[PDB]
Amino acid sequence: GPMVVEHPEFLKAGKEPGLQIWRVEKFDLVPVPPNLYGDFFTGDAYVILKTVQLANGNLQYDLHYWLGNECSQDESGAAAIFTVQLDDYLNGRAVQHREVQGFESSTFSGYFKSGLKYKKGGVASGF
């Protein structure tokens, strides 16, 4: 319930305007390499933080968790939990969004320089 303190990716989250993307990997939140931004494994689940810095120093946060059609239950469950934990860490100020493969919001799609792309496979289940 309280905010996460030490996890290195939470320390990185929401510090400045930008787009931060993590993948659930065996019960952990692992950063997605920059060159893979926007290419989602349909076997996996992901967490996305969009930070918008209004020109008055204030930060606006949108948290999106994306569920691939073949992701395992540990992965989708962890994506939701991590989303709440990141919101907690940002003092409850993030707006959360559930994003399912092929049913994503136009806001979520709009983040990506040339839209969402999908590929088969992913990391194995933690179960």
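Quick note: we count residues from 1 along the sequence shown, nothing fancier.
**Student:** If we scan the other compared entries, does residue 73 go without coordinates in at least a third?
**Tutor:** Modelled in all the others, so no.
**Student:** Does the comparison with other PDB entries of this protein show residue 102 lacking coordinates in a third or more of them, where both adjacent residues are built?
**Tutor:** No, residue 102 has coordinates in all the other entries compared.
**Student:** Which is higher on mean Cα B factor in this entry, 7 to 15 or 21 to 29?
**Tutor:** So the stretch with the higher mean C-alpha B-factor is 7 to 15.
**Student:** When the C-alpha temperature factors are averaged for each of 51 to 59 and 84 to 92, which stretch ends up with the higher value in the entry?
**Tutor:** So the stretch with the higher mean C-alpha B-factor is 51 to 59.
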